[PDB]
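Working notes, beginning with the structure itself.
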Amino acid sequence: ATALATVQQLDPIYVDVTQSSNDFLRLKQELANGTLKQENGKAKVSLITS
Amino acid sequence: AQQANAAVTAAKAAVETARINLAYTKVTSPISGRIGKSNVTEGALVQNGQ
């Protein structure tokens with residue numbers, strides 16, 4: 001039952017976006033807008049790393 | 001002949017047994033609808049009925 005190791009992959013990297021509730025609604029208001037939203041399934045977002 | 005039918009009985013027990021186990025090696029969905037999250041990553045031991 002003991003495990004040996006754990007590997008990852010780092011050239012792609014997920015970003016789980018922690019968010020509130022109502023602002024998503026306002027993002028739903030962006031779904032009622034969609035006008036900065038291009039490539040609509042995805043698009044780029046500028047990182048600000050630490 | 002009768003003891004041979006006992007051997008065929010245990011034979012169908014084994015073929016059926018591996019047929020249900022080998023049927024449950026693949027993991028599919030119970031019902032339809034939107035999934036939540038995964039819990040376990042690949043290469044990891046899981047248990048039946050855990």
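All residue names refer to the structure tokens as shown: chains lettered A, B, ... in order, residues numbered from 1 in each chain, ligands numbered from 1 in order.
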
Query raised in the report: Taking only C-alpha atoms into account, which residues of chain A are within 12 Å of chain B, as an MDAnalysis selection string?
Result: chainID A and resid 1:8

Report task. Output as a VMD selection string all residues of chain A that backbone DSSP marks as helix (DSSP H, G or I). Result -> chain A and resid 22 to 31

If you keep C-alpha atoms, can you produce a file of those selected residues as a PDB file, in the first residue's frame?
ATOM      1  CA  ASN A  22     -21.588  37.238  -7.596  1.00  0.00           C
ATOM      2  CA  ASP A  23     -18.695  38.513  -9.706  1.00  0.00           C
ATOM      3  CA  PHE A  24     -19.035  35.306 -11.734  1.00  0.00           C
ATOM      4  CA  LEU A  25     -22.618  36.513 -12.098  1.00  0.00           C
ATOM      5  CA  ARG A  26     -21.042  39.739 -13.282  1.00  0.00           C
ATOM      6  CA  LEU A  27     -18.931  37.526 -15.502  1.00  0.00           C
ATOM      7  CA  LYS A  28     -22.321  36.138 -16.461  1.00  0.00           C
ATOM      8  CA  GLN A  29     -23.024  39.794 -17.128  1.00  0.00           C
ATOM      9  CA  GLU A  30     -19.910  39.543 -19.237  1.00  0.00           C
ATOM     10  CA  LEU A  31     -21.709  36.534 -20.699  1.00  0.00           C
TER      11      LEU A  31
END

Query raised in the report: If you measure from atom CA of residue A:45 to atom CA of residue A:13, what distance in Å do you get, rounded to one decimal?
Result: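 Atom-to-atom, atom CA of residue A:45 to atom CA of residue A:13, that is 14.0 Å.
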
Query raised in the report: What does the distance from atom CA of residue B:27 to atom CA of residue B:49 come to in Å, to one decimal?
Result: 13.6 Å

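Rounded to one decimal, atom CA of residue B:50 and atom CA of residue B:20 lie 18.3 Å from each other.
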